[PDB]
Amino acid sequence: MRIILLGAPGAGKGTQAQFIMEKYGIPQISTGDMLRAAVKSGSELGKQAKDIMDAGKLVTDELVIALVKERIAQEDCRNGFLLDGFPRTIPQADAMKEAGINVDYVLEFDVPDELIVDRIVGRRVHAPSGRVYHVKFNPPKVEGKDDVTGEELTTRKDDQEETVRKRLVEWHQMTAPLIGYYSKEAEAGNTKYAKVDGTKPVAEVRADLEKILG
């Protein structure tokens, strides 16, 4: 199975990706996680993203397209994959199409703009896995600790309010058109498209997604 997670910053894509990955046995491909990992390791493919992410801007298409091509070429992706935060622009989506990458589902995560800042300012992450928590809305079992490894959680450099507001502008201008892009693809029979209410509790969004994915 091949799935695209689509949605504004903090809509809950990464959170729900964890369950989808476990349930259907396909790897999570998060361009955000991959770019951040590249910056941390000083990897030649992706380290350039550092200043761009700080500014709250989108990384260039050709850079993220290359990262995705390399990643989904790995053997853990021969049986399907979960694209999380990719594609983020029309050229990224067309690049998939040109590459002949079919998808089964496009899942839109809907949240009001007014919830996004308070979500991301309370976000804590386990960088090695990509697991995500929230100090108020979805805390770990033990404070500041990853539930699975027990390792110390961290705060993303780009998760301050001002940076979030800039990512939100970027999403409305560059990414929002992908709703129509894939809705049109769905009408042509090339994929299914579904929208979920991401304001519900984590467990319920999970249930709604399971109902869609069967």
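Residue numbers here begin at 1 and follow the sequence given.
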Averaging CA B factors per stretch from the PDB record, which one is higher: 204 to 212 or 2 to 10?
204 to 212
Mean C-alpha B-factor higher for 112 to 120, or for 78 to 86?
78 to 86
Checking the entry, which one of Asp159, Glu151, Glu185, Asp33 has the top C-alpha B factor?
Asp33
With respect to the C-alpha temperature factors reported in the PDB entry, which of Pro177, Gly56, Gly189, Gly42 ranks highest?
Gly42
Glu98, C-alpha B-factor rank within chain (lowest, middle or highest third)
highest
Should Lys69 be placed in the lowest, middle or highest third of its chain by the C-alpha B factor in the entry?
highest
Relative to the other modelled residues in the chain, which third contains the C-alpha temperature factor of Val196: lowest, middle or highest?
middle
Cα B factor band for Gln28 (lowest, middle or highest third within the chain)
highest
Here the Cα B-factor of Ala49, set against its chain, lands in the third termed lowest
